[PDB]
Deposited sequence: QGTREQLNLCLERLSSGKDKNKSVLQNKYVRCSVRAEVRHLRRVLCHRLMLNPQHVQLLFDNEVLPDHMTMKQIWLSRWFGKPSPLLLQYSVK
């Protein structure tokens, strides 16, 4: 349905980046989406915040609460390889 609050993200490449999804979506979901667009295997791309790898089961809401509380949209994340 896509009816809960949606978070806006901006994915920057760490050596189509504006993404929106549910606060309930997890890192692993976003990574799988990214891999599909990048035509890669899931093991090959990492999702990070401030250059530190994010846990697969963490929700976007959890990232927002713990890293981005009260900060302006979009939530800034990195992806690598």
Q.
As a test: can you identify every run of the deposited sequence that has no C-alpha position in this structure, in order?
A. 16-26, 93
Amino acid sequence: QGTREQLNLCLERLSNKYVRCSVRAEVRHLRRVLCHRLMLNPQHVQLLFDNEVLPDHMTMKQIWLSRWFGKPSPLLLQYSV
From here on, numbers count along this sequence of modelled residues.
**Q.** Mean temperature factor over C-alpha atoms, higher-scoring stretch between 42-50 and 26-34
**A.** 42-50
Q: Averaging only over Cα atoms, indicate whether 17-25 or 66-74 has the higher B-factor in the PDB entry.
A: 66-74
